[PDB]
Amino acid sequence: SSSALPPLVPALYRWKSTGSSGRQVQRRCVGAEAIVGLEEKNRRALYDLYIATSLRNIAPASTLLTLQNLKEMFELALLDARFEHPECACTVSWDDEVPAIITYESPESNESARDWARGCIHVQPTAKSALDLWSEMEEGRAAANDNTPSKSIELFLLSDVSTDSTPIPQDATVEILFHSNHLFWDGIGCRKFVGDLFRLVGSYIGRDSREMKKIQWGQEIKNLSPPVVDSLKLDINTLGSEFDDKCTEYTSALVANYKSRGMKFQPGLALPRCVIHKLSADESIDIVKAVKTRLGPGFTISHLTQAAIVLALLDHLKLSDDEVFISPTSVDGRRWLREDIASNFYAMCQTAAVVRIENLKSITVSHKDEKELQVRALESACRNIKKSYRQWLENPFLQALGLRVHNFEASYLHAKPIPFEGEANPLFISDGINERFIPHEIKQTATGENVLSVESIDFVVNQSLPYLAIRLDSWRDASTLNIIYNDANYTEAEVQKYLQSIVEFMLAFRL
């Protein structure tokens, strides 16, 4: 009956045994899960995660690799990974409420488990890249007429050989496309799981796997990441009017951003697309250095990228004098979890801050303006950005806030599925260094010998809403930016143009 933002709610989100054996558990999803889990969107793969890893065969000449035996090895690794992190076999259902239900069932038998793992690993002798396959799958989705949600995870192994029993040559590449329903993970969890598989598969290269100790299915249930609410350092019962007002500030900015000036888009819905700019290690190191020197401690290339996003937008437009750039921006919420949970959490764990930049005219610069003017503008924007974040990040309730406001947003989106009209303010997503989660090599564990070099990583998300989302990460000291967009709403040329503008501004910051 009250008009107030609904409260959390913890008991609602806990794991519940659904039958007498204890083998099946379920929970009502929470926070950002409820956004990605929105039924008509999840059924159509909105926000599905794709991780494209290009790998090179650097194994001893005496190591024999084929797509068939790699499939076999990754199946074994995936069974090990399901035991460690059962998120990879959770499934989704809905009733009449907005939030999805997440279910885990322990395999009914070891045979059943192997059928499962077999069904998640695919191969193709093909010259297509991982991201060519992504495009193929998204182009196909349409006509296929099925609104089945994606599996928690599946793998596609590609290599340009004639057949699946052709030895993969020295120095040849194997591409892996990982594909995940975003419901079961965030970008941190999914990357950590990719890293786990690259670790676990190392046990199976060069070998008698049928003789290894049987997996005692059932014993992995305790391995599911615990419910996020119950995992916070903060007792959420202790919250009062400060928490309510801050949540209100967020939901107000959310609606303000949805209704605000931004990039013009054309209405419609067609295919998810991505444009990528891989900066060199040399360029990226230079930019990181220029951030350290010019701005110093507590500033990062992520702040710089957000600043460049803003400058590129202002340079693109030909805004009211009093416009404020306001942008809800997501943050990894793990620091708000208890220490012995926080570094081993695979489920969605996200919250958010509101980036605010006033005085936009004063930072409006062209690529042709004096370098020092551009640097100044970038500096001023970075300082505004860092300051904005601090106001959210310094707050001990920030993760609880994220859960509560994303519950509201799922409900808001359920009633208004496309919340932008005419224009949409670009969104920034900051992921950090992939080395935290993924190894540079897959090694034969028994020997320590390198078998496959992990040469490239590209984190691609399905976009079916009409805003640009810009994602930054890093691998082997090279920063990568990509922009996801739906091709009903924007052209490739115009998103390429905008990404190039962003990159050009960041390059301009170098010493």
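We number the residues from 1 along the sequence you see.
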According to the PDB record, deposited residues with no modelled atoms between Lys278 and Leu279 number none
What lies unmodelled of the deposited sequence between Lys213 and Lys214 amounts to none
Quick note on 191 to 199 and 380 to 388: per-entry mean CA temperature factor is higher in 380 to 388
Ranked by mean Cα B-factor in the entry, 172 to 180 and 391 to 399, top stretch is 391 to 399
Reading the B-factor column for Cα atoms of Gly262, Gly333, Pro272, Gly119, the highest value belongs to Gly262
The largest CA temperature factor among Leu304, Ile357, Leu373, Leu78 is found at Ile357
Of the three thirds of Cα B-factor ranks in this chain, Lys151 occupies the lowest
Here the Cα B-factor of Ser411, set against its chain, lands in the third termed middle
Sorting the chain's modelled residues by C-alpha B-factor and splitting them into thirds places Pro60 in the highest
Of the three thirds of the chain ranked by Cα temperature factor, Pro466 occupies the middle
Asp208: CA temperature factor from the record, placed by chain third, in the highest
